[PDB]
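One structure is given here, and the rest of the page talks about it.
There are 4 protein chains.
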Amino acid sequence: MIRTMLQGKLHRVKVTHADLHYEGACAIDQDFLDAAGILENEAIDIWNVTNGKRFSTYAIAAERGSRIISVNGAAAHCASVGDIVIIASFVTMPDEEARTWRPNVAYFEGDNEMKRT
Amino acid sequence: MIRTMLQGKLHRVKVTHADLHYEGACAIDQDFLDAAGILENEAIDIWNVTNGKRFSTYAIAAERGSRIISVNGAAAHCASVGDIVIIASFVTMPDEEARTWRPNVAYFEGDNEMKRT
Amino acid sequence: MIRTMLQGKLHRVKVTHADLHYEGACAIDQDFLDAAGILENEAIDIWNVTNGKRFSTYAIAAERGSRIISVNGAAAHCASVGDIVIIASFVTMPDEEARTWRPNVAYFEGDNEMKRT
Amino acid sequence: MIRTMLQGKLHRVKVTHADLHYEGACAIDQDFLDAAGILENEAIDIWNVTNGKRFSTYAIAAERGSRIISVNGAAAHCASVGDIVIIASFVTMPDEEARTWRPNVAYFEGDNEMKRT
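Protein chains in written order, with my numbering: chain A, 16 to 132; chain S, 16 to 132; chain D, 16 to 132; chain F, 16 to 132.
Following this line, the structure appears as structure tokens:
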């Protein structure tokens, strides 16, 4: 049987933009997406450390190096600029592969600077 | 391993009807379903740009050309006539196919007129 | 790629019992489970037509013929005796099978009497 | 077609720690994880019997024998020390295997002592 496992997450990144109109999804610096192994158009869950809200949407790429985290469309009701959020994707696999599965985790410092190790 | 990807969405369509009783689900003009690639009886997520609510239900077909978006049953607690919503379906596939996956997106103008390109 | 489709639902059944302690899940007359094609220990979504709440739990069997719908454990915070709810399960399959997929739907009358056709 | 089934649960365990900062997820005594068959980095749903909240996160191991249930990061908004929660994982399998599927259930007494049978 098949497990759902954490694929990767952006841990405690800060929302940089929030615009109800127009567009939607959560636009994320492509460098951040690569670090966490998250793909453009992949389903993502967003857990807001600042306000406690939890919601699910999908990832789109923002410009590499922009350090952008933009919550757009209806999702803009769920976060504000400055909020600290955790952004996660999940994947499925057989139990055997799940047992030794390792998520990609990206950590942050300062103004959404990616932290090493 | 297997990714969950955005299959397609109706972007910023307007709710035309909301009836708590009876029936359920979200009835959507079949032309809209075809445009976004969404199937009758497929699980859909609905993100309400107007009121911020997010909920999951399933799609049923409304008459082709009716331009109808009817939120029925318990879902009628989550949207009102006139609300702007995003309606999405998600599918799973191997990582390799996910990397070059392209969602179907349908956009709207005026009174739920589908916008081209 | 793989679609998530409505497998079956109990449409507008009434909650008969709600006990926060102890046990959990939603216990459902086995005849109702068979009618909707829902299995013991299968994940189910519950949409409360009366109070608007939406939550996910799993199905357990109640005695055949009891006409019971018991919301237990934490789920008892989400429904009250007398509430009208829709109980659904979802399954996955290839797109080809999804295109002609037919959900099992069970309808109700009076005191959770299953309605024919 | 493929069913989503309850894999296992921790039934009515008590939250021992809740820290918004830092880390995230829900750290759970590894002995408890083994008992319910839940894996490190597996998606889990948490249903709070005390306050009614329901949320989804992922499991991480706490020290074997610590009897720890720590809700961390954004999840700390959803439970408090002392809350009674049910922690569940779900897996997918073909309908045939689902029909005779048996979830692992772990029960608790006193100060998160695992109860036998």
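For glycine and all other residues, C-beta sits at the position ideal for the given N, C-alpha and C.
| Asked | Found |
| --- | --- |
| At the level of alpha carbons, what is the spacing between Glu-78(A) and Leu-54(A)? | 14 Å |
| Whose CA, out of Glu-111(A), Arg-117(A), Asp-126(A), lies closest to the CA of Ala-51(A)? | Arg-117(A) |
| Could you list the residues in the segment 32-50 of chain S with a C-beta less than 9 Å from some C-beta on chain D, going in chain order? | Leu-35, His-36, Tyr-37, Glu-38, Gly-39, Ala-40 |
| Looking at the C-beta of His-26(D), does it have a partner C-beta in chain F at a distance below 8 Å? | no |
| If distances are taken between C-alpha atoms only, which option among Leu-35(S), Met-129(S), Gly-23(S), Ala-40(S) comes closest to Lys-24(D)? | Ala-40(S) |
| Rounding to the nearest angstrom, what Cα-Cα distance links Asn-63(F) and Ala-90(F) in this structure? | 11 Å |
| Assign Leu-54(F) to one of three DSSP states: helix, strand, or coil. | coil |
| Where does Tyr-73(S) land, buried or exposed, given buried means 16+ other C-beta within 10 angstroms? | buried |
| DSSP beta-bridge partners for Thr-107(F)? | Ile-17(A), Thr-19(F) |
| Buried or exposed: which applies to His-36(A), given that a residue is buried once 16 or more other Cβ atoms fall within 10 Å of its Cβ? | exposed |
| Would you list, in chain order, the members of the segment 51-63 of chain D that have their beta-carbon closer than 7 Å to a beta-carbon of chain F? | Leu-54, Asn-56, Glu-57, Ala-58 |
| Out of curiosity, what's the CA-to-CA distance linking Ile-101(F) and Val-28(F)? | 7 Å |
| Step through the CB atoms of chain F and report whether any lies within less than 8 Å of the CB of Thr-115(D). | no |
| Would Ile-43(F) pass as a contact of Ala-76(F) if the rule is Cβ separation under 8 Å? | yes |
| For the beta strand (DSSP E) containing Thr-72(F), list its first residue and its last residue. | 69-77 |
| Can you give me the Cβ contacts of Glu-124(S) inside the same chain, cut-off strictly under 6 Å, excluding the 5 residues immediately before and after it? | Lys-130 |
| What residues from chain S crowd round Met-108(A), counting only those whose CB sits closer than 8 Å? | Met-16, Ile-17 |
| What would DSSP say about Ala-94(F), mapped onto helix, strand or coil? | coil |
| Output needed in chain order: residues of the segment 66-98 of chain S with a Cβ under 7 Å from some Cβ in chain A. | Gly-67, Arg-69 |
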